Amino acid sequence: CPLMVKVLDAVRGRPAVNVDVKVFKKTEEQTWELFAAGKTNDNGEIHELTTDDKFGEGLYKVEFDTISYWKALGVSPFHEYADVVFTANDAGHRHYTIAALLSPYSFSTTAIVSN
Amino acid sequence: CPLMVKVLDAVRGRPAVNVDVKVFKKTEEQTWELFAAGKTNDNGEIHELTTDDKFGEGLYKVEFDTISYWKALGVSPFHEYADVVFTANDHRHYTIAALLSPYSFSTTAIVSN
Amino acid sequence: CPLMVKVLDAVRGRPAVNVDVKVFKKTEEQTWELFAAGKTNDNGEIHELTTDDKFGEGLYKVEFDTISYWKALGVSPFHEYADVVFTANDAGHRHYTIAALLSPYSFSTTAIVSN
Amino acid sequence: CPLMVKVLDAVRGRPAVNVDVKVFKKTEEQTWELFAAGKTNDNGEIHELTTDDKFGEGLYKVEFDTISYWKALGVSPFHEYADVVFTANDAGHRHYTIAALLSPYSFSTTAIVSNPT
Ligand SMILES: [Zn+2]
Ligand SMILES: [Zn+2]
Ligand SMILES: [Zn+2]
Ligand SMILES: [Zn+2]
Ligand SMILES: [Zn+2]
């Protein structure tokens with residue numbers, strides 16, 4: 001599984017469950033085309049997402065729908081969403097885990113890249 | 001000054017100097033239109049990014065060009081760039097703080113009156 | 001396994017391997033007594049730090065030896081070490097994961113608590 | 001001013017006001033002696049914490065009382081407190097800002113170190 005996410009909620013000290021996650025890929029026309037999608041499970045992870053075959057070289061954007069996550073818990077957050085944009089698989093085959101730590105007015109995102 | 005940025009480098013423990021920062025604003029055509037731009041100074045701040053008059057209600061995107069920042073220091077980082085998107089319903093002042101590491105990016109919003 | 005750690009290196013985008021982790025527990029005499037110790041593996045995890053039986057109610061301190069970690073990579077960091085202090089198991093039995101993200105001049109810590 | 005703190009609350013997007021802060025310094029006897037203390041103001045800063053004269057070489061610990069901060073806002077937090085320990089002024093005279101970002105189950109800290117030339 002070459003693209004994973006792990007989302008944690010810094011307010012509750014729990015994985016963030018039901019965070020809608022879209023992955024886009026940049027096209028020759030310089031637009032973002034929807035590549036993959038899911039919802040974080042009980043562990044704040046998205047199983048599947050894509051495959052070594054269908055992945056490939058290019059520029060990807062992983063978007064977490066943070067505003068819906070917070071609003072559903074009665075919190076009024078700052079950000080519309082949290083993006084991670086990066087070039088993938090251009091210097092040999094890697095696996096990417098995108099970790100996101102969520103607070104209402106703050107976010108962090110960290111990439112773990114393996115071989 | 002109603003929209004500020006403060007950028008820190010977590011590797012050096014110094015403000016991040018010369019980080020290209022673009023601010024966009026969402027339009028009725030559903031596109032991002034360039035609204036403001038600058039480069040962080042010696043304190044990692046951009047000084048007069050916009051003005052109370054020009055900065056109305058709407059949806060804004062602050063973009064930090066992190067890949068250039070790092071590459072120029074001989075580091076090969078993870079992110080192409082780092083976006084902060086939010087709706088200003090202001091009257092309020094917004095500081096976007098970013099902490100930069102090669103494989104991690106952290107952002108906090110400070111909102112005042 | 002009721003007390004886990006997960007340590008990531010924000011410079012390399014890799015789990016932080018060989019970080020010395022000591023766990024202390026507060027005593028009646030108001031001192032810290034050494035409770036457990038380990039070194040992060042290839043995934044930045046310590047695997048069996050204590051056990052449900054030995055890990056009771058009280059005040060604990062998890063210490064990461066960050067200065068040795070960085071110096072060994074030729075970096076001269078800011079912090080001597082990074083501590084996480086917390087009360088555990090006082091409102092019923094929980095499992096605790098302490099996540100740390102390391103940069104030379106910055107450290108971040110998050111707790112994940114489950115039932 | 002050679003030692004500042006700046007404390008932010010990640011839940012509110014506001015400076016964290018009235019965070020109790022203590023600074024300790026390590027002694028020859030291997031113990032922590034209280035060196036300075038304050039409460040964060042409206043900007044989450046404590047300013048005149050110490051002075052270039054009083055603040056020499058050594059090992060210091062800056063402690064934020066996060067549990068009181070949160071409890072006073074009705075939040076039951078995870079950490080008892082948050083410590084930042086570091087050696088200061090051993091390679092020439094510097095100024096230190098310790099920035100802390102607080103969430104109920106998460107704590108983040110960054111050091112900004114400058115050379116007053
Ligand atoms: Zn593979
Ligand atoms: Zn876009
Ligand atoms: Zn158990
Ligand atoms: Zn101690
Ligand atoms: Zn001085």
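Draft legend 1. How the structure looks around the coordination of the zinc ion (ligand 3). Residues and elements named next belong to chain C. Protein coordination at the zinc ion (ligand 3) comes from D52 (OD), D52 (OD), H93 (NE2) and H95 (NE2), with a distance range of 2.1 to 2.8 Å. Each of the four donor atoms around the zinc ion (ligand 3) contributes to a set of angles spanning 50 to 112°, which defines the coordination as irregular. Of note, the zinc ion (ligand 3) draws all its donor residues from one chain, in the sequence arrangement D-x40-H-x1-H. Of this pair, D52 sits in the loop between β5 (45-46) and β6 (58-64) while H93 sits in the loop between β7 (79-88) and β8 (95-103), placing them 41 residues apart in sequence. Using a relative accessible area of 39% as the deciding quantity, one classes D52 as partly exposed.

Draft legend 2. Main features of the UniProt feature "binding site: L-thyroxine" in chain A. All names here are of chain A. UniProt's entry tags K6, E45 and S108 with the feature "binding site: L-thyroxine", counted in the numbering of this structure. Within the fold, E45 resides in the loop between β4 (32-39) and β5 (58-64). When its relative accessible area of 34% is taken as the criterion, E45 is described as partly exposed. When neighbours within four sequence positions are excluded, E45 is seen to be in contact with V5, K6, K39 and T40. Mapped onto the secondary structure, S108 falls in strand β8 (residues 106-114).

Draft legend 3. Here's a closer look at the interface of chain D and chain C. With 21 residues of chain D at the interface, the matching set in chain C holds 21 residues. The contact between chain D and chain C buries some 1800 Å² in all, and 57% of this surface belongs to carbon and sulfur atoms. Of all residues in chain D, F78, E80 and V85 of chain D give up the largest surface area on contact with chain C, accounting jointly for 30% of the area buried on that side. Viewed at the interface, chain C and chain D are joined by zero salt bridges. The interface formed by chain D and chain C includes 12 residue pairs in polar contact. Among the elements that take part in the side of chain D that touches chain C, strand β7 (residues 79-88) of chain D stands out by supplying eight residues, more than any other.

Draft legend 4. Summary view of the UniProt feature "binding site: L-thyroxine" in chain B. Residue and element names in this part refer to chain B. Here, UniProt's "binding site: L-thyroxine" annotation points to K6, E45 and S106. Here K6 is to be found in strand β1 (residues 3-9). On the basis of relative accessibility, which here comes to 25%, the residue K6 falls in the partly exposed class. For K6, the side chain forms a polar contact with the side chain of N43, separated by 3.3 Å.

Draft legend 5. Structural context of the interface of chain C and chain B. Residue-level contacts link nine residues of chain C with nine residues of chain B. Buried surface at the junction of chain C and chain B, summed over both partners, amounts to about 640 Å²; 63% is from carbon and sulfur atoms. On the chain C side of the interface with chain B, the three residues burying the most area are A10, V11 and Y105 of chain C, jointly 54% of the side's total. At the surface where chain C touches chain B, the tally comes to zero salt bridges. On the surface where chain C and chain B come into contact, there are three residue pairs in polar contact.

Draft legend 6. Quick peek at the side chain of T66 of chain D. All names here are of chain D. Among the structural elements, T66 can be located in helix α1 (residues 66-71). Note on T66: relative accessible area 5%, which makes it buried. Leave out the neighbours within four places in its chain, and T66 touches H79, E80, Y81, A82 and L102.

Each value, and the rule that gives it
Residues numbered from 1 in each chain as written, not as in the entry; some residues may be left out. Chains lettered and ligands numbered in written order. Heavy atoms only, no water. Residues with missing side-chain atoms left out of burial classes, pairs and counts. Donors = N, O, S within 2.8 Å, 3.2 Å for Na, K, Ca; no water. Tetrahedral: all angles 85-135°; square planar, octahedral: opposite > 155°, others 65-115°. Helix = DSSP H or I, 4+ residues; strand = E, 2+ residues; numbered from the N terminus. Buried < 20%, exposed > 50% of the residue type's maximum accessible area, 1.4 Å probe, protein only. UniProt positions renumbered as here; feature names shortened; annotations may be inferred. Contact = heavy atoms within 4.5 Å. Buried area = accessible area lost by both parts, 1.4 Å probe. Salt bridge = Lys/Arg side-chain N within 4 Å of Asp/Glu carboxyl O. Polar contact = N/O pair within 3.5 Å; in protein donor to acceptor, adjacent residues only side chain to side chain.

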